[PDB]
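Everything on this sheet refers to the single structure shown next.
Every heavy atom of this structure was used, including side-chain atoms; hydrogens, water molecules and symmetry mates were not. Each chain gets a letter, A, B and so on, in the order its sequence line appears, and its residues count up from 1.
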Amino acid sequence: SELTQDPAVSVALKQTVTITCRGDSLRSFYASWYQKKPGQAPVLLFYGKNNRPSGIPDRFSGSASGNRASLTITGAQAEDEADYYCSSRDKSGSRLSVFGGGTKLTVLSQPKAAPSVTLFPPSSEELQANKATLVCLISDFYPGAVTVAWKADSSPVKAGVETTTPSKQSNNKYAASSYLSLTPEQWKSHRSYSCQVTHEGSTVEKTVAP
Amino acid sequence: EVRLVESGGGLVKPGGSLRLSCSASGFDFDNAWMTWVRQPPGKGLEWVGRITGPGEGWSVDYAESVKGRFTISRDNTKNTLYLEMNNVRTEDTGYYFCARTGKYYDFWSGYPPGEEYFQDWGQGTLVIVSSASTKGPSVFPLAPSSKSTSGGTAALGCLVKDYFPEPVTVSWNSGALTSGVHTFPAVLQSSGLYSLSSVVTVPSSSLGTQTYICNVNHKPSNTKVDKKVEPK
């Protein structure tokens, strides 16, 4: 994880957005930038000091300062909605390459919208099968990017978590789901578990108890 | 005119071996550097390795995550790059892409040969690492409750656990109920098995009266499960 990017950003049409990767190796190297849409190959947008491949619209420009490499879209358009990845050396003297974690860019078509969250506890039936799954369902949010944190009592839980990528529902708004797998003893031994959804820096937390 | 096409993706068990191919056209393959990149489900791009040209002796470098397990090679007479995946792990699941690779340099600005960049990419091939064979789902109710309800609307659903392979389809009331239904994409778990959920938002006033049944179809296992979902 030597190149770090925010997982999500949004931009309004015609506005300027900068997506930034941070890494120690970027003090010494330029970074290249890639656009990735679902179902499509990544495309190289910019590399080096100032190189933009033919075919790439000139509103994409790459810059660098300190340990940050930046892709600026001056005047975002709807077709710019995409995941954006940077890539560079992991370190000086390395023959290896690395990518940043990716930034999902939403090009707003709408005012942003907060999520609705419903947390279901394990069913008694699943506990009877010696299993326990908490199901955290998240709906109606825009942009379609959320961060999910689970807690046992007040302590963060990272093991046993699976979370789907947001996808549009039949009503054109986004939904996601997250799952926390526990043993029945883990479920019954705590006072509560919680599913906390962060969206646009605001949070909704649902709690259940055995 | 540059074309890259990956092939060979499929299912392989942990510890197994799989060979991927990438066929190239429209450029001088012989002297081109070629890179493999992968993307796990819902994750970012990860650099797997790169093979250089004859000037560098067909030298190969690997990400630490795959070193010692994957081997990259090429057959220029066929314009083909290969990825030999050995001792596969669940974490190798994902789309694998090949990319024509350049190394950035600029004599004018005194920038020495430096980072690599990926000028043209194929569409990728999917590798699924799972020890699983056909396995029907277990279906549990997500029962409506005061906790699942906000005034006049209640959420309820069905949790469809630990099946293989994809796909599972879910209907409600044999297809009579579509408004407010969302069936989520499956998660491939570390176990090599899939799980998904289907939720329906319905009128809270209806919970006493109306029957809600999720119909789970897993045709790979020849399984159908109907689960009537009621308040707890």
Side-chain angles (χ1 to χ4, degrees), chain A residues 5 25 28-34 36 39-44 47-49 51 53 83 85 87-90 94 96-102 116 118-126 129 131 133 135 137 139 160 162-165 167 169-171 175-179 181 206-208, chain B residues 4 35 37 39 41-47 49-50 59 61-64 97 99 101-102 104-106 109 111 114-124 138 140-143 145 148 150 155 157 159 161-162 178-182 184-190 195-197 199 201:
Chain A
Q5 311 183 226
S25 76
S28 292
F29 302 93
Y30 297 121
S32 54
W33 287 95
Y34 304 85
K36 171 91 170 68
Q40 300 206 324
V43 178
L44 170 65
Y47 64 101
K49 173 203 164 202
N51 306 70
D83 292 320
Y85 297 90
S87 176
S88 192
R89 291 291 177 216
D90 61 326
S94 193
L96 311 190
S97 305
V98 65
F99 287 92
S116 156
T118 78
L119 180 55
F120 292 97
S123 61
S124 59
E125 273 190 67
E126 183 187 20
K131 303 286 198 113
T133 310
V135 185
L137 296 179
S139 70
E162 294 285 349
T163 68
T164 55
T165 63
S167 72
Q169 322 167 243
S170 54
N171 70 320
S177 62
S178 189
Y179 298 101
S181 293
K206 288 308 220 272
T207 299
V208 290
Chain B
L4 300 173
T35 297
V37 179
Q39 192 163 41
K43 225 62 82 173
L45 302 180
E46 187 188 5
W47 181 80
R50 177 257 27 260
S59 58
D61 287 304
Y62 298 93
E64 174 99 330
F97 301 90
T101 302
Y104 183 72
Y105 66 80
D106 184 356
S109 70
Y111 193 91
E115 73 281 0
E116 284 163 50
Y117 57 104
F118 308 114
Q119 51 269 47
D120 298 274
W121 296 64
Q123 305 314 32
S138 295
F140 300 109
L142 298 174
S145 79
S148 75
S150 192
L159 175 63
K161 290 295 290 323
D162 300 330
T178 56
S179 84
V181 174
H182 182 76
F184 289 83
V187 177
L188 191 300
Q189 303 161 129
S190 67
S195 295
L196 66 70
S197 285
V199 70
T201 166

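When all heavy atoms of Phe140(B) and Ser123(A) are compared, the pair lying nearest together is CB-OG, 3.7 Å.
There is no contact between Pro53(A) and chain B, counting heavy-atom distances below 4.5 Å. Of the two parts of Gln123(B), the backbone and the side chain both hold a non-hydrogen atom closer than 4.5 Å to a non-hydrogen atom of chain A. Heavy-atom distances place the backbone of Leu188(B), and not its side chain, under 4.5 Å from chain A. For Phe29(A), the parts sitting under 4.5 Å from any heavy atom of chain B are the backbone and the side chain alike. Neither the backbone nor the side chain of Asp120(B) has a heavy atom closer than 4.5 Å to any heavy atom of chain A. Heavy atoms of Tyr105(B) lying under 4.5 Å from chain A are absent altogether. Contacts of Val181(B) with chain A are made by backbone atoms alone, with heavy-atom separations under 4.5 Å and no side-chain atom involved. In this structure, no portion of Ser25(A) lies under 4.5 Å from any heavy atom of chain B. Using a 4.5 Å cut-off between heavy atoms, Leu45(B) contacts chain A through both its backbone and its side chain. Proximity to chain A (any heavy atom under 4.5 Å) is restricted, for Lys43(B), to the backbone atoms N, CA, C and O. With a 4.5 angstrom heavy-atom cutoff, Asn51(A) touches chain B only via side-chain atoms. Residue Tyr117(B) touches chain A through both its backbone and its side chain, counting heavy-atom pairs closer than 4.5 Å.
For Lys49(A), the side chain to side chain contact (heavy atoms under 4.5 Å, CB included) partners are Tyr30(A), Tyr104(B), not counting sequence neighbours. Among residues two or more places apart in sequence or in another chain, the ring-ring contact (aromatic ring centres under 6.0 Å, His included) test is passed with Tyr34(A) by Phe99(A), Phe118(B), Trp121(B).
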**Request:** Could you give me the CA-CA distance, side-chain angles and deciding distance for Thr101(B) and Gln119(B), then say whether side chain to side chain contact (heavy atoms under 4.5 Å, CB included) is met?
**Result:** CA-CA 6 Å; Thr101(B) 302; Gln119(B) 51 269 47; 4.3 Å; yes

**Asked** Could you go step by step and tell me if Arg89(A) and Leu96(A) meet the side chain to side chain contact (heavy atoms under 4.5 Å, CB included) rule?
**Response** CA-CA 6 Å; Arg89(A) 291 291 177 216; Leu96(A) 311 190; 5.7 Å; no

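Residues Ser178(A) and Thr163(A) have side chains that never bring a donor and an acceptor to within less than 3.5 angstrom of each other.
More than 12 heavy atoms of other residues, nucleotides or ligands lie within 6.0 Å of NZ in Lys161(B), so this atom counts as buried by the packing criterion.
Contact count versus chain B (heavy atoms, under 4.5 Å) is highest, among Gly102(A), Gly39(A), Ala175(A), for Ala175(A). Most heavy-atom pairs under 4.5 Å with chain B: of the set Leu137(A), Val98(A), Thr164(A), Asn171(A), this distinction falls to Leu137(A). The candidate with the highest count of non-hydrogen atom pairs below 4.5 Å against chain A, out of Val187(B), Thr178(B), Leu4(B), is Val187(B). With respect to chain B, the highest number of heavy-atom pairs below 4.5 Å among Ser170(A), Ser32(A), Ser177(A) belongs to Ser177(A).
In terms of modelled atom types and a separation under 3.5 Å, the side chain of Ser148(B) and the main chain of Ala155(B) share a donor-acceptor contact. Panel note: side chain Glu116(B), backbone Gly102(B); no donor-acceptor pair is recorded below 3.5 Å.
Ion pairing between a basic and an acidic side chain is recognised when a charged N comes within 4.0 Å of a carboxylate O; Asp83(A) and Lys36(A) show no such pairing.
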